[PDB]
Amino acid sequence: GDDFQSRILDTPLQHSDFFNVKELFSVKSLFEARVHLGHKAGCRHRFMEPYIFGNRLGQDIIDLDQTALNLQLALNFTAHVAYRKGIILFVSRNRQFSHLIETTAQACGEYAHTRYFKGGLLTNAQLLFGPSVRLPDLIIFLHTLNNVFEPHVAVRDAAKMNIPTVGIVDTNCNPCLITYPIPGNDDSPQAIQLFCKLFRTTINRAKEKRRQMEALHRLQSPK
Amino acid sequence: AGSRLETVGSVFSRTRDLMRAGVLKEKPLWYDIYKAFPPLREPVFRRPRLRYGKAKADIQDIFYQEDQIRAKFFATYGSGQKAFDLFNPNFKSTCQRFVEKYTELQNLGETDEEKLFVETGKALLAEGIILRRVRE
Amino acid sequence: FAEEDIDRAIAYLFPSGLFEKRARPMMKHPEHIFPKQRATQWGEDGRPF
Amino acid sequence: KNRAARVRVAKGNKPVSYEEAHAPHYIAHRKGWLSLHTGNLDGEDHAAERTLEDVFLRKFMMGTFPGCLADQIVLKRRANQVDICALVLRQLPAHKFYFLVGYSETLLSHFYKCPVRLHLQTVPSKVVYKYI
RNA sequence: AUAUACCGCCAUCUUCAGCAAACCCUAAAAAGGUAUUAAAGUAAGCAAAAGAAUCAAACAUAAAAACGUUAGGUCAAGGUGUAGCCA
Ligand SMILES: [K+]
Ligand SMILES: [Mg+2]
Ligand SMILES: [Mg+2]
Ligand SMILES: [Mg+2]
Ligand SMILES: [Mg+2]
Ligand SMILES: [Mg+2]
Ligand SMILES: [Mg+2]
């Protein structure tokens, strides 16, 4: 009874890669999708210089070795959150990828907000949605900037509500408030398409893993 | 009751502190996960500052040794009349073949850059590549 | 018995001569009087639908 | 500005009833008449006497049920019968209401020389149409 | 006696378009809070609008018109605070 619930929720945290997210991606796979391409040196943010491999003739290059480490942590965290039945909200304001990100969220079983973000959505949610509205347990920022080249309002507002954020941060982005930054290209369709696939497979695996874990432990109770 | 102070500490440190005080009675579901698999860096606020005086960034300009050869090829012959295909991961351009042959001759032991530049042109001419020495 | 018969019966049993018809007695199906979709947009767990 | 029978706006904390909310120009449109007799119909007499009886009957009911009236009373005259329909709060014990009905009926039947009946609908508390 | 204590019932701007409250946000706020290919504002009230009346329909006409402004008018419609008269 109590042991079974403890087994479902406490066993996954005893393994470094319980969901085996390492196999989903590789440095070569990230390099095919152009995840190492950054903005020009003029557009560089000071807090991104740790993640930049160098400047290839004006174009900053993003170290895909750090990206693999950071992406591993971000995908693992996104899986445990999905495993525990937490709410995940995908957030972006890039209009080229608005439909793709809404289709990804629907496939995963999660939520997407690709439209204009209303002031107070998270800090004043009760007024907007209702008295007992449950806020997201994790926000994945495929894009952390709005269309005026400023931080998306939900980056600061998610920190105010103590919501962890998994965000894709490029050379011009500010990762300081992103809990799990993933340094990489956010503009190329092939880069965004790869990230959307990784987040969707990871979330579906964790949800499937929970179902199987529940059946095994549940079956043991009669058996 | 919470700590909507996103400039002091981090989401995890503020959640740890609120529970110690006695205000937050139930752990968030993401808390235990963060404790077991934290991020590499703590997500704490920092005000971006500008550099002044003689402070400079530390970004290495990416220049391989082939670039010395490639620069000469573009100055002497320009870009190959064949168009670059940047979708083929194993594409070999006319310039990259020039640099592959130039390297082979240099392995043999030729020490003169002038010798390696004119000999490579002759070898590619035998291959049939159309190299136009366009000064224009 | 239908919606039309209901409205006719209510008009006989509760004759009102108020000019505005929104202010007259009504026994309509709840779908009409109430707004169509004020229902909860999430379940017991709190996950939106 | 018109000040007649208009419960003016406060700051959203004043509980007005349906009758109080509507100004005089909504009579016969959204709200009806509290008294119904035949004395103001065309070619009918004794409007003055029916109106005077109404004024008294309202002051009598307020004093006889002090603080126990949730809304204005409704007076209905049919033939020589008078019927008083009052919404009354459930403050007083039940047996006390039976006393005031027996008293107020007999007293007003010997004062106006008509059969008078009192109809009381008890509410748990005043019904609020809107907060203005 | 006091409309310069008021209620009640009104005039005036006026068929002018505003008045008031609950939240949220700011490297602090003396204040401010908009961008639609959207950048912090949101969600409810009162007025306007709509609706109803002039017994088809429209238009028109009435009605409606908040908060304030003029210590505006009215102690003599009635009621009433304070002061005054009681052979
Ligand atoms: K006055
Ligand atoms: Mg970018
Ligand atoms: Mg005055
Ligand atoms: Mg005067
Ligand atoms: Mg009309
Ligand atoms: Mg109107
Ligand atoms: Mg004066």
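The structure we're discussing is the one just above.
Below: a short report on this structure.

1. A word on helix 6 (residues 153-160) of chain A
Buried within helix 6 of chain A are the following residues: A154, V155, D157, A158 and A159 of chain A. Looking at the packing, one finds that the buried side of helix 6 of chain A touches strand 6 (138-141) and strand 7 (165-169) of chain A together with helix 1 (11-21) of chain B. Downstream of helix 6 of chain A by one or two residues, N162 of chain A has phi in the positive range, about 55°.

2. Considering the interface of chain A and chain B
Facing 43 residues of chain A, the contacting portion of chain B comprises 36 residues. Both faces considered, chain A and chain B share a buried interface measuring about 3,400 Å² in area, 61% of it formed by carbon and sulfur atoms. By the criterion of area lost to chain B, the three top residues of chain A are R46, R56 and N162 of chain A, representing 17% of everything that side buries. Summed over the shared surface of chain A and chain B, the number is four salt bridges. Linking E49 of chain A and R51 of chain B is a salt bridge whose minimum nitrogen-to-oxygen distance equals 3.0 Å. The tally of links from chain A across to chain B stands at 14 residue pairs in polar contact. The biggest single contributor to the side of chain A that touches chain B is helix 3 (residues 64-83) of chain A, with seven residues. Grouping the amino acids of the side of chain A that touches chain B by side-chain chemistry returns 20 nonpolar, 13 polar and 10 charged.

3. Examining the pairing of strand 3 (residues 74-78) of chain D
Residue and element names in this part refer to chain D. Residues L75 and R77 point to one face of strand 3 and are all buried, whereas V74, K76 and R78, pointing to the other face, are not buried. After leaving strand 2 (residues 35-36), the chain enters helix 2 (residues 47-64) and then returns to the sheet as strand 3, a path that is left-handed. The sheet contact formed by strand 3 and strand 4 (residues 81-89) spans five bridges and is antiparallel. Across the sheet, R78 pairs through a bridge with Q81, a residue of strand 4.

4. Topic: the protein's contact with RNA strand E
Neighbouring RNA strand E are 35 residues; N147 and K160 of chain A together with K1, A4 and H29 of chain D lie closest to it. Protein-proximal atoms of RNA strand E, defined as those within 4 Å of the protein, fall in sugar or phosphate at a share of 64%. One of the side-chain N or O atoms of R93 of chain A is found 3.3 Å from a phosphate oxygen in RNA strand E. In this structure, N124 of chain A approaches RNA strand E through a side-chain N or O atom, which is 2.9 Å from a sugar or linking oxygen. If you list the elements that add at least two residues to the surface near RNA strand E, you get helix 5 (125-129) and helix 6 of chain A. Among the residues making up the surface near RNA strand E, the classes are represented as 10 nonpolar, nine polar and 16 charged.

5. Re the interface of chain C and chain D
Taken together, the contact pairs five residues of chain C with seven residues of chain D. Of all residues in chain C, the largest losses of buried area upon contact with chain D belong to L18, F19 and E20 of chain C, amounting jointly to 85% of the total for that side. Connecting chain C to chain D are one salt bridge. Its salt-bridge partner being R30 of chain D, residue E20 of chain C comes within 3.0 Å of it at the nearest N-O pair. Joining chain C to chain D, the criterion identifies three residue pairs in polar contact.

6. Describing the sheet that holds strand 5 (residues 111-113) of chain A
Residues and elements named next belong to chain A. As summarised here, the arrangement of the five strands in space is 5-4-6-7-8, forming an open sheet in which the pairing is parallel. For this open sheet the edge positions go to strand 5 and strand 8 (180-183), each flanked by a neighbour on one side alone. Across the sheet, the mean angle from the axis of one strand to that of its neighbour is 20°, orientation sign disregarded. Of the pairings in the sheet, the one linking strand 6 to strand 7 comprises three bridges and is parallel in character.

7. Topic: the sheet that holds strand 2 of chain D
All names here are of chain D. The strand order 2-3-4-5 describes an open sheet built from four strands, whose pairing is mixed. A strand with exactly one partner marks an edge of an open sheet, and here the two such strands are strand 2 and strand 5 (116-123). Looking at chain direction, strand 4 and strand 5 are connected through eight bridges and run parallel. Looking across to strand 5, one finds that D83 is bridged to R117. Against the sheet, helix 2 touches strand 2, strand 3, strand 4 and strand 5, its axis set at about 135° to strand 3. Sheet strands in contact with helix 3 (residues 94-109) are strand 4 and strand 5, and its direction is about 150° off that of strand 5.

8. Some remarks on the packing of helix 4 (residues 98-108) of chain A against helix 7 (residues 189-220) of chain A
Residues and elements named next belong to chain A. Where helix 4 meets helix 7, the axes come as close as 9 Å, and the angle between the chain directions of the two elements is 15°. In this view, helix 4 runs roughly parallel relative to helix 7, as classed from their interaxial angle. Between helix 4 and helix 7 lies a crossing whose hand is right-handed. Taken together, the residues of helix 7 that come into contact with helix 4 (itself represented by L100, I101, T104, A107 and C108) are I192, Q193, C196, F199, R200, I203, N204 and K207. Split by residue class, the contact of helix 4 with helix 7 holds eight nonpolar, three polar and two charged.

Thresholds applied
- Residues numbered from 1 in each chain as written, not as in the entry; some residues may be left out.
- Chains lettered and ligands numbered in written order.
- Part of a larger assembly, values for the part shown.
- Heavy atoms only, no water.
- Buried < 20%, exposed > 50% of the residue type's maximum accessible area, 1.4 Å probe, protein only.
- Helix = DSSP H or I, 4+ residues; strand = E, 2+ residues; numbered from the N terminus.
- Contact = heavy atoms within 4.5 Å.
- Buried area = accessible area lost by both parts, 1.4 Å probe.
- Salt bridge = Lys/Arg side-chain N within 4 Å of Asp/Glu carboxyl O.
- Polar contact = N/O pair within 3.5 Å; in protein donor to acceptor, adjacent residues only side chain to side chain.
- Nonpolar A, V, L, I, M, F, W, Y, C, P; charged D, E, K, R; others polar.
- Right-handed = clockwise from strand over helix to strand, strands pointing away.
- Pairing = 2+ DSSP bridges.
- Near = heavy atom within 4 Å.
- Axes fitted to C-alpha atoms, helices over the stretch in contact; angles between N-to-C directions.
- Parallel < 35°, antiparallel > 145°, perpendicular 65-115°, else oblique.
- Left-handed = near helix turned anticlockwise from the far one by under 90°.

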